[PDB]
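Colleague: Chains as they are written, first to last, in full-length UniProt numbering: chain A, 22 to 699; chain B, 22 to 699; chain C, 22 to 340.
Shown below is the structure under consideration.
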Amino acid sequence: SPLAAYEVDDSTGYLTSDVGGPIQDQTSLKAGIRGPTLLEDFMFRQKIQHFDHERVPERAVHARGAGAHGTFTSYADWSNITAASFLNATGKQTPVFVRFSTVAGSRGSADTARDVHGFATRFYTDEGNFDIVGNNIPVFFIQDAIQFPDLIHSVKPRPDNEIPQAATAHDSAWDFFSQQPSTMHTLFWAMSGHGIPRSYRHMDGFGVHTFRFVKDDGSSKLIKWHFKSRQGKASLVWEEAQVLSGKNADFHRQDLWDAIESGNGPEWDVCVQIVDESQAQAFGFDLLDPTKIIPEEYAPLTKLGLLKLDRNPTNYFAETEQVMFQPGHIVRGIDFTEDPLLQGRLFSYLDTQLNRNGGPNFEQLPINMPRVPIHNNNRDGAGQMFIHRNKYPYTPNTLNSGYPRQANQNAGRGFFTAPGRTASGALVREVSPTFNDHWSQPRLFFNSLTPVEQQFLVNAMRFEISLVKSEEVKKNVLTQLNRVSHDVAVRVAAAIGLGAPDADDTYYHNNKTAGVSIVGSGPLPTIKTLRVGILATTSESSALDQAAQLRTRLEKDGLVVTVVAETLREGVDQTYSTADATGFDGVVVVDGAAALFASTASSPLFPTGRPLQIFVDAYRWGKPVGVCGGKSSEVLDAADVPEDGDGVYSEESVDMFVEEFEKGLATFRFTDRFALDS
Amino acid sequence: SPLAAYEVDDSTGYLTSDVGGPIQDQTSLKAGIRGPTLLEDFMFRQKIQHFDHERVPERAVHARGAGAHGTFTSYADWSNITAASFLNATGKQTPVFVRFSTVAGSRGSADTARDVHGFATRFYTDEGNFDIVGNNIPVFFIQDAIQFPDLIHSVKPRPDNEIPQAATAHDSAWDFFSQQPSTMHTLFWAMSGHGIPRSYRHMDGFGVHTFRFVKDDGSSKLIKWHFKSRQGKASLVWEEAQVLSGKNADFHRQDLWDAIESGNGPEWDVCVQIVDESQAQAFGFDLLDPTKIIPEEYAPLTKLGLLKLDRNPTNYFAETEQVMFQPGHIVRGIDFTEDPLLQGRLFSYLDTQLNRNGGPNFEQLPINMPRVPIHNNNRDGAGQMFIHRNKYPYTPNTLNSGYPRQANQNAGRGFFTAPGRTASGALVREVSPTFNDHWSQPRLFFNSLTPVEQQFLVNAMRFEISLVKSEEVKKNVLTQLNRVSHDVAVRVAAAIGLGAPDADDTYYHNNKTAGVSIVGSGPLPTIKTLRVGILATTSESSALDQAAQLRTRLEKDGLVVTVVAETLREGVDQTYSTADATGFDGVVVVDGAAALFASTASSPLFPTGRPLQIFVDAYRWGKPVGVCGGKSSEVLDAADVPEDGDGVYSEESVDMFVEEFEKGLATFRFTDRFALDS
Amino acid sequence: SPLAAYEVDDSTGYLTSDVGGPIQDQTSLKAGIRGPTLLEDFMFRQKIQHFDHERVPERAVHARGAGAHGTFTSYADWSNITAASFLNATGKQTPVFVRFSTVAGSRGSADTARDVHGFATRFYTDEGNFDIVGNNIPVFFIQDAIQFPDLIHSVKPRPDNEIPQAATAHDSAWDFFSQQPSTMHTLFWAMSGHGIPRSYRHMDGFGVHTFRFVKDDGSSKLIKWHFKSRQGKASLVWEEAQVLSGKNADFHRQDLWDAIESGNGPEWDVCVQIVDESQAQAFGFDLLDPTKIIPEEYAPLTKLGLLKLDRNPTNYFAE
Ligand code: HDD
Ligand code: HDD
Ligand code: HDD
Ligand SMILES: [Ca+2]
Ligand SMILES: [Ca+2]
Ligand SMILES: [Ca+2]
Ligand SMILES: [Ca+2]
């Protein structure tokens, strides 16, 4: 913790200026008790000036996000495939910092927007900082970095009025998607449940690009990075995400914070797919193309180590806001590929930190510093924090005895470009013909989802495209969807009253791939941290008694339990007024409370119908719901919830109720409650 | 070093990026050996981006300057006059940093321009950083801060062509001086020897403004700060300064550096004049007026302690360039007065550091940090280096137990405004009538100079005004000068071919004041560090033996000896090609070298006449010169220098030569060699 | 020109703020005639804030310099060798701006330091701005851009004391030159009279690098840019340059200003050496190597047009 050396404690002591002079900061200096404020009030000005300059530009993308500290532990000595020092011994531990994010919204936008999500991991290795700046979706919208402002301008708010915030549901985005068909693969992922994850802990991370692992002998293999969640994969449903955006814009950052504080810090297996250089085009697409995945059937995952997040930042601004990641932060044993999206990224991340930091010495901020000595001839610049002793900062020199020395493949453990890499041909601004198949892999992805997942994706597209005003853009969108799947274009067209174009089967096929479905990936492996809302009443002393007994039983198994009542008191966490179904992964009514759910309910302490609305919403959104007490039928009738439904629980016995209700939590969503196209 | 904790050592090790990855930095990554450079070359881009951003804006004024670390030691417990902690005990020591500067020139301009000089001192006290931002002249050009950009625009280069650099010798400067008569006092100081000091070590420092000392009981006294040089006062002559500006633009910074490295670190007595609040108008002028001195006859200096500079910086940029002084850096026991120049300065220095530093956390740069803990609720901002633990940074609070506490007169040793201070009357943009005598003190100053000093001042005015093209500006200048002294206006007028206006005696008097004269302040109190050039030859093994014997005898008394000859070899420091009279305080020819001084002397190794020119220039500029060995008449006749002249030495004996010559160095300048008007 | 539309005239009128409100700027607002200055004095603070923020970072190299406006006139239709629009017809005129400079000194350093000199020309062409950022010496010290901070750190002042200003006469410079032998060619030029020119008008300019002329059909030829002074070539002597540095630090900018004002605006012939792609290695060195000239005996100069500088800037900072 270079973070702990820079920590500042203010738990005792008298207020000082920034130069250590004790002062006051509550009243301005004035000429007389009702007089004007004086220019000589240095206390006033130092304080306001600091306030007035507190903000810094938000990131150009991924502005909305949150971070945590942890550790990476290697499972083996990986010398045989990479020279990377953080992977060179069983059990070797490296500190990490991770930031998760959306792409499109500004700071302050809602966590539960539909979007691609960032998953950026810094490894503070003993041979330098290494960053993997990935996303929760393994493919990207575009095939060349020069198009990135085009993609981003199209998805961000229309620039006359700056509407809409954090959403692709507008003409410009679908105009771009429909004119730039490379977008189809990422679009399909973003329109699935991968666009609205349950939490940062319930998504995967991917490096997206093919990279190289380079051995000390100089041989190389091609790799893709996969961070596979140990919490399982899980999504919201859209109608739930929308309400969550309003009720709790901070949902994902709160979830992450709380999991870490409770001792449930999330984990991922850090994995690679590893293939030979000769396989760059063996799989029916080009490994230089970031719109393509390698099916796991062609290349299995190898598990390199464990990533665990287990500590929250001390100061959000200083750590999370100021962390400045770069794919250029590379270490010996890793190399780039000629992926034209990766290639341009290298430029952008060094440049953009000048905007954020306002000066060139951004690598000296505590969160950006390495954990090894720095020896170089970089000097001066605004905000220079070091006092360099070497007064001959040039190479070659004799007056500093030739130091710092050059590092390279054979000296000082230098980074070196993989020596088998070559280039040949004309200097061109031309797209490789090997990149031209934009529709096959979207179809592979779509084929690999379950029927209800396919319906959710169609429904997401129906939602967004129905909000596009241009009839031409809508037609063009159907044209592109039709090339992936005639069925998708037909079902989407039905919602927007246009006809789909005739089937064009060039890229149609029936193939599937493992591991891309959320709903298909079986029950969650753990239910720790999941949220249960127990709906109770201060009316009946039996209701708070039953709530307390359920609480014990659920908290035993690591669930986070919230007892809801009309008013706060001992045992009650939340009022009906502040409660919502978006707040819980499952809801239980204690039978003691059945009168609150009648249609003539009414209280000055919460909005009309709130108790029942929580229960109904939770049911309609596919959550496990139940009534505990043995007079269940009255609440279930008021809800129009069938007692015999999957994921509906009714028991008098607390112990039997809990046992089945917990199986429901693992199932997580009951997908039989959602209507499917015929 | 106080700043040891921020030092970075590069005396060993391999080159790394700023994030600790070992790299190389000598060849670009290319596609083929004769190929184009690749964008993925992160080694290139990080290195060049840093270089591309090395520069920061130069200070708006005082851009050209140099600094050093040292110590202040109090002579006493000054409780009786101030609560200031750094003055509260005999022998109490406080680290300091001082920067000296010119005013008008940009950061690569010559040290030996004619100008006002800056003398800015930071005291890193145990109750906060205290800065005295002074000049080497005790009065300022203007009476209101709002006029500062007018003054500075007028003296800086003309904004169409940015000519001339670091000089007042142009129409705009003299236009402003003639139209704004407040300028007269400082103008006379600037045109005296005080405009072209021999070194930073041979000038005084002044706070200029009246300030207040405040006791812990709340009573106050008015003070002026005086830093009185223990090295004595000394000036260049103009014709010398001009040549030095070209031969060694770094003259003052080099002199300071060298004095420190040789163990001759310069010293000042830190003094105050102290008077009662009741005396603010008792001396015939207003103590709020920064164009006035308090004659020493009315208020003597109290010596408070010793300022010694004895350590050079390690990195100029990080220390000297980045030091950000403010008169707002004040400590308990000191307060401001209603001097309208001081009042506006308090705003400027906080604001201008945003420009220099490019962000609001400039007090976190090592040179600017205090040497005591910081406890405040200032947060965020670009370049934030701290990780603040207190997550409730507001007052008033209970969630951080009311910390940090408010400090004031009665708790926590807070700063407090002197409680006797009041204000009365209309809110006005009007000048006090008490400020209106612009001419009496300029006349007091002029009257207090010796006849030769008066001549030099006149000659500085004749030089500068003769370069003003506008006949009307020149007439306007003589109108103002004439109000100070009819004689001055007459003598100046004679050079520029105008008639002086008739005498106007309203502000004429015959009064004098002690201690403002340089010439009249007797011989220097020490000659340590003064420079002696010995002009020798490799022709004659005799000449180099004489030079070696002289050198040993002069070095024993701490003079810096340079032996000069046609070519370097053992015992010879400099060639005639690189030598100039501007490089010496005294010049000695060894008589074995007499042949070099003939008119038909000529060599491919130095410009024609160079040896003799050094001697002649030294004589004409008032320096002690001599011939050592017994045979003096050929050199002295070649140079047209009378053997019986004051400050001309001829002896055979090295011991007798040096005993006489050292008296000459202490005299420093022989003023009988300069012609007087009339 | 675009320069005229942005010009602001202050030869009449009352003082205003930046937002057009008439104001005064000579006395601070105070609580009584001998009182403290008020925070509500917006006239004071807008003025001093602007002053406080006047400066910008100097250029990392070529900080010390001066500029003038002028015209370039093509001598012919150069279609046969380049598609460049500004060279596509006899008599075609294109506005230019040129800045001349030293390399090593800060703002405020003397014009007559010994140094390589900058000669940077912007052509505001009808198909976009085209800059030739050249020097008065045709070859450069180093063969790879990555080394540029090394060269510059070595020649700039020693970083503990920032001594010496605008000068290669110190250990670090000569350490670098002696350890990096690519430097020798430029070093010889800088140690000649080319290091201390008499004026900006009495030096030539060079693009240094080999560039390509490309025709509309896509064929290319290798070129070197030479701007050849019509005023002739002239130098100071060193002992004169040293005194001049002290007596008149603005010597070259004054000389340029004065020549233009007197109707003696300086001229250059803008020239190229033009060789085939196949001759990249034909002359006993590599045309990709910026430490090498092509001897005029092997490739003669072709005169493309006339560069004339004939108007001084209105505002130095802004232009
Ligand atoms: C050419 C530009 C460009 C391209 C093609 C990309 N990005 Fe990027 N990305 C940026 C330019 C950029 C940026 C503007 O440079 C950002 C904003 C702030 C920053 O540090 O970098 C950024 C931020 C950024 C962040 C946030 C890092 C953090 O939490 O601070 C993530 C996770 C990604 N990007 C991930 C990706 C992935 C997985 C991409 C494709 C595979 C991708 N970006 C393509
Ligand atoms: C209203 C503006 C204003 C006024 C009236 C003054 N100054 Fe000032 N001064 C500045 C505005 C300023 C500044 C723009 O704020 C500078 C530039 C850099 C900095 O830190 O402050 C500055 C710098 C500065 C420095 C350089 C400090 C260093 O070495 O970094 C000195 C020594 C002084 N000044 C001294 C004075 C004296 C003795 C004054 C009158 C008694 C004076 N200044 C009036
Ligand atoms: C990799 C960095 C690098 C390299 C190898 C060079 N320069 Fe450069 N040059 C810069 C980096 C730079 C810079 C840091 O980018 C400057 C500073 C100000 C600016 O606009 O660019 C610059 C300024 C600059 C200027 C001043 C322009 C003006 O008047 O505003 C000239 C004339 C040159 N350079 C000319 C050259 C020549 C003829 C070079 C070799 C043939 C050369 N430079 C190599
Ligand atoms: Ca739109
Ligand atoms: Ca900025
Ligand atoms: Ca002028
Ligand atoms: Ca050096």
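Backbone N, C-alpha and C fix where the C-beta goes; we use that ideal spot for every residue, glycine too.
1. Please say whether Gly579 of chain A and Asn285 of chain A have beta carbons closer to each other than 9 Å?
2. So within the region 561-599 of chain A, which uninterrupted beta strand (DSSP E) runs reach at least 3 residues, ignoring any that extend past its ends?
3. Determine the chain C residues that contact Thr373 of chain B at a beta-carbon separation under 8 Å, and present them in chain order.
4. Which residues, taken in chain order from the region 168-188 of chain B, show a beta carbon closer than 9 Å to some beta carbon of chain C?
5. For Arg179 of chain B, is the beta carbon positioned less than 8 Å from some heavy atom of ligand 6?
6. Is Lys684 of chain B helix, strand or coil when you go by DSSP?
7. When we look at the beta-carbon of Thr312 of chain B and count the other beta-carbons within 10 Å, is it buried (16 or more) or exposed?
8. Does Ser213 of chain C have its Cβ less than 9 Å from a Cβ in chain B?
9. List, from N- to C-terminal side, the alpha helix (DSSP H) runs of 4 residues or more that fit wholly inside the region 335-390 of chain B.
10. Report buried or exposed for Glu340 of chain B, applying the criterion of at least 16 other Cβ atoms within 10 angstroms of its Cβ.
11. Using a Cβ cut-off of 9 Å, pull out every chain C residue sitting near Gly607 of chain A, in sequence order please.
12. Name the chain B residues that come within less than 8 Å of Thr335 of chain C, Cβ to Cβ?
13. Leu309 of chain B versus chain D: which residues are under 9 Å apart at the beta carbon?
14. Roughly how many angstroms lie between the CA atoms of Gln164 of chain B and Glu61 of chain A, to the nearest whole one?
15. Please classify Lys577 of chain A as buried or exposed, where buried requires at least 16 other C-beta atoms within 10 Å of its C-beta.
16. What's the call for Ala25 of chain C, buried or exposed, on a 16-neighbour Cβ count within 10 Å?
17. Assign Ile314 of chain C to one of two classes, buried (16 or more other C-beta atoms within 10 Å of its C-beta) or exposed (fewer than that).
18. Take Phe304 of chain B as the anchor and find which of B:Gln430, B:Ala600, B:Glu318 and B:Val291 has the nearest alpha-carbon.
19. Got a sec: does ligand 6 put a non-hydrogen atom nearer than 8 Å to the Cβ of residue 356 of chain C?
20. If the cut is a Cβ gap below 7 Å, which residues of chain A does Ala52 of chain C touch?
21. Considering only C-alpha positions, which residue in the set C:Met205, C:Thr58, C:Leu330 and C:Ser106 is nearest to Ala166 of chain B?
22. Measuring alpha carbon to alpha carbon, tell me which residue in A:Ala403, A:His396 and A:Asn397 is nearest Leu386 of chain A.
23. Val608 of chain B and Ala602 of chain B - do their beta-carbons sit closer together than 9 Å?
24. When the Cα atoms are used, what is the spatial distance from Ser250 of chain B to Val452 of chain B?
25. Shorter than 9 Å from the beta carbon of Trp195 of chain C to some beta carbon of chain B?
26. List the residues of chain A whose Cβ lies closer than 7 Å to the Cβ of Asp401 of chain B, in chain order.
27. Tell me, please, whether the region 431-449 of chain B touches the region 47-57 of chain C by the rule of three or more beta-carbon pairs shorter than 8 Å.
28. Have a look at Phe346 of chain A and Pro394 of chain A and give me their C-alpha separation to the nearest angstrom.
29. Starting from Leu308 of chain B, trace the alpha helix (DSSP H) in both directions and tell me its first and last residue.
30. Grab the span of the beta strand (DSSP E) containing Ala481 of chain A for me, first residue to last.
31. Comparing the C-beta of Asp62 of chain A with each C-beta of chain C, is any distance below 9 Å?
32. Restricting to runs no shorter than 4 residues, where is the alpha helix (DSSP H) found entirely within the region 615-686 of chain B?
33. Thinking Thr547 of chain A and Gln252 of chain A are a contact (beta carbons under 8 Å), I'd like their distance in whole angstroms, please.
34. Does the beta carbon of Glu317 of chain B come closer than 9 Å to any beta carbon on chain A?
Modeller: According to the data block:
1. Yes; because the gap between Cβ atoms is below 9 Å, this pair is in contact.
2. Counting only unbroken stretches of 3 or more residues, the beta strand (DSSP E) elements lying wholly within the region 561-599 of chain A are 581-586, in sequence order.
3. Contact of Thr373 of chain B with chain C by beta-carbon distance below 8 Å involves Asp73 and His74.
4. Flagged, chain order: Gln168, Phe169, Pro170, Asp171, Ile173, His174, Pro178, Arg179, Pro180, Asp181, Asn182, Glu183, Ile184, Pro185, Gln186, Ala187 and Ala188.
5. Flag set: Cβ of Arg179 of chain B near ligand 6.
6. If DSSP states are grouped into helix, strand and coil, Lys684 of chain B belongs with the helices.
7. When all chains shown are included, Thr312 of chain B counts as buried.
8. False, the Cβ-Cβ gap to chain B never drops below 9 Å.
9. Within the region 335-390 of chain B, the alpha helix (DSSP H) runs of at least 4 residues that lie entirely inside it are, in chain order, 361-378.
10. Under this definition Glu340 of chain B is a buried residue.
11. Proximity of chain C to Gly607 of chain A at the Cβ level (cut-off 9 Å) is not reached, the minimal Cβ distance being about 58 Å.
12. Chain B residues near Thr335 of chain C: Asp181.
13. Among the protein chains in the structure shown, which are A, B and C, there is no chain D.
14. Rounded to whole angstroms, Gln164 of chain B to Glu61 of chain A spans 17 Å at the Cα level.
15. Counting Cβ neighbours within 10 Å, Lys577 of chain A comes out exposed, since fewer than 16 surround it.
16. Flag for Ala25 of chain C reads exposed.
17. With 16 or more Cβ atoms within 10 Å of its Cβ, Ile314 of chain C is classed as buried.
18. Checking every option, the nearest Cα to that of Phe304 of chain B belongs to B:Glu318.
19. Since the displayed chain C opens at 22 and closes at 340, residue 356 of chain C lies outside it and no answer follows.
20. Neighbourhood of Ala52 of chain C in chain A, by CB distance below 7 Å: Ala52, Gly56 and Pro57, in chain order.
21. Taking only the C-alpha atoms, the option nearest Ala166 of chain B is C:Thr58.
22. Checking every option, the nearest Cα to that of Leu386 of chain A belongs to A:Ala403.
23. In this structure, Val608 of chain B lies closer than 9 Å to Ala602 of chain B by Cβ.
24. For the pair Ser250 of chain B and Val452 of chain B, the Cα-to-Cα distance works out to about 35 Å.
25. So, not an interface residue.
26. Listed along chain A, the residues sitting closer than 7 Å to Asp401 of chain B by beta-carbon distance are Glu75 and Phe338.
27. The region 431-449 of chain B, when compared against the region 47-57 of chain C, does touch it at the 8 Å Cβ threshold.
28. Approximately 19 Å between the Cα atoms of the pair.
29. DSSP places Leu308 of chain B outside any alpha helix (DSSP H), giving it a letter other than H or E.
30. Per DSSP, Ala481 of chain A lies in no beta strand (DSSP E); the unbroken alpha helix (DSSP H) holding it starts and ends at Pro472 to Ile486.
31. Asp62 of chain A has a beta carbon lying within less than 9 Å of a beta carbon in chain C.
32. Listed in chain order, they are 631-641 and 654-660.
33. The pair is a contact, with the Cβ atoms about 6 Å apart (cut-off 8 Å).
34. Not closer than 9 Å to any Cβ of chain A, the Cβ of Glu317 of chain B fails to qualify, so no.
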